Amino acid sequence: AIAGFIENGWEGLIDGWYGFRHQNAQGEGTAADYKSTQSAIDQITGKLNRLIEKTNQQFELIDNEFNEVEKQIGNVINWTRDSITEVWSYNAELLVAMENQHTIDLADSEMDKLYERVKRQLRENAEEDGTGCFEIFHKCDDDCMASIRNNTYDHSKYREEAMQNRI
């Protein structure tokens, strides 16, 4: 019944962006990973700080809404204003498309990093199932699952048992 990020995201994960879901004799459970979550949020916050900027440049009226300026100068002003508007509209569309692509790829890349880290903690004691989970080839109770989550799992302790079970 339980699966990882390769299939889909988890609607029930409400305490974080990334997390761990486990199944053992004591049941199923899910906990957020605080570090990866915060690393992603900080990168998005960094974007927002850069993009939610105000120009400090003050512009004034060169035109007149109540009493129309002379036509020749008016047409130059309007051509120039419309050309500037084309430039900004193009830059705004591109900026958002480009940033959104990067935001998406960056969020996936934080997922892959966490996954790759857990893989390496587990060493020869587990195999990938292809959905974003590890089948762990030894009994791993709630305290063992916690040691995987907080990065203190010691693969040497279970290696003998796990390697034997893998054959």
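Note that residue numbering follows the sequence shown and begins at 1.
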item: Mean C-alpha B-factor comparison - 17-25 and 155-163, higher one; value: 155-163
item: Stretch with the greater mean C-alpha B-factor as recorded in the entry, comparing 53-61 against 122-130; value: 53-61
item: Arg117 by Cα B-factor - lowest, middle or highest third of the modelled chain; value: middle
item: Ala32 - Cα temperature factor, lowest/middle/highest third of chain; value: middle
item: Modelled-residue ranking by C-alpha temperature factor, third containing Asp141; value: lowest
item: Where the record places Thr45 (Cα B-factor, split into thirds across the chain); value: highest
